[PDB]
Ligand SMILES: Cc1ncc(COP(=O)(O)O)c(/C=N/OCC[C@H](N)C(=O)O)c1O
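Consider the single chain below, provided in structure tokens and representing the form solved without this ligand.
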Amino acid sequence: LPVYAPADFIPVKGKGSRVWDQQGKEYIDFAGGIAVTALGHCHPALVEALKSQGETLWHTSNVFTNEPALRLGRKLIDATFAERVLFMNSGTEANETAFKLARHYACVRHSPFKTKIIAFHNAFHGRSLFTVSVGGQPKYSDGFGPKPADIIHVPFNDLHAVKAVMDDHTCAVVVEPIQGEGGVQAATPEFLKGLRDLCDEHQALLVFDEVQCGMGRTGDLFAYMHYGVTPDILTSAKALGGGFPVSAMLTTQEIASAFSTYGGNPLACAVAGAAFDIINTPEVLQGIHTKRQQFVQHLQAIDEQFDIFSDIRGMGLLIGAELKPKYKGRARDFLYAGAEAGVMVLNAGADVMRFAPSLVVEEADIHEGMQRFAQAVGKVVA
């Protein structure tokens, strides 16, 4: 079921897209700690930001603001639909704030009875009681006592189902523009635009969970930019801090007033500022699309030799490769084989291989790592 590392696989050092364990074994990192290390390990710019702010100021409480948080909030506001930003520590906390806000906005603006949240099967939004209940995997939300109520789940990419359950008592639609954990499934243009129109019609807020697909992952700063569909609330984490625990919730002044920056650990925000400055450049964003195709070509060549993939999908450097029916439920086996061959990869359910490397992964590492993965595949299929 769950993917756990054995006692002889403990990473100790990371440099760029390469990782070494206790025994000195070298790995190519196509996993990024599950799309977290978007600029690789110990990136000189991020290390410098960490070290310099570390000599100056680490922590301020939420009653105080700080320069790093102000600078970062300004950068997020200037680059996105957002007019207000709220900083926390993790994607789960960002989602908690987003869901609470959508609930409270509806409560004060319209009615205390306007509480329905529409979410999707296979959705992942975190592991707190509230976020995991909004998540679309019953197995992970079962067994913790009474779940917070008024959450309705329908299939991802099923617009009609959404239309069918939504009403004047609906406060929010929560969606990942691309379901990362859920098989790397991208929203269709019709579906995502349909969600915007339905939210408009019912006076509900459209909440985009961009914890995984945000901060450069898709080759745009945020996935919503690719679609041209503007949410009411957006959450960001993982890539935001490039390894440092930080998250952000983005919304408009009108919605935020129901509760330009709030919170944000000075050290976290300085690091996230440095990461933002690198990721939000035309050149890096262009490179993400160049690098994606380098990966895809290798995956196509692997399928040509071994006949193992039915679909190659995702956006930018969030890559999903679905296994053929003859290899249904073998994703974990391919992952472990990869680790043996010195390449770190991911799953997205039992049938899907997932890749989420550094957005600046070198071409040399792409070729070497994918050659290692091709070797690993050969060991599994023989």
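Numbering starts at 1 and runs along the sequence shown.
There is also a form deposited with this ligand bound; it is not shown, and the following applies to it.
A heavy atom within 4.5 Å of this ligand in the deposited complex is found for exactly one of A223, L72, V271, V211: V211. Contact with this ligand in the deposited complex, defined as a heavy atom within 4.5 Å, holds for exactly one of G126, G243, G183, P266, namely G126. The stretch that touches this ligand in the deposited complex, counting heavy atoms within 4.5 Å, is 175-183, out of 109-117, 175-183, 248-256, 76-84.
Though the partner is left out of this view, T92 does reach within 4.5 Å of this ligand in the deposited complex, counting heavy atoms only. Proximity of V47 to this ligand in the deposited complex: non-hydrogen atoms within 4.5 Å are absent; the residue sits far from the partner.
Although the partner is absent here, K238 is a contact residue: one of its heavy atoms lies within 4.5 angstroms of this ligand in the deposited complex.
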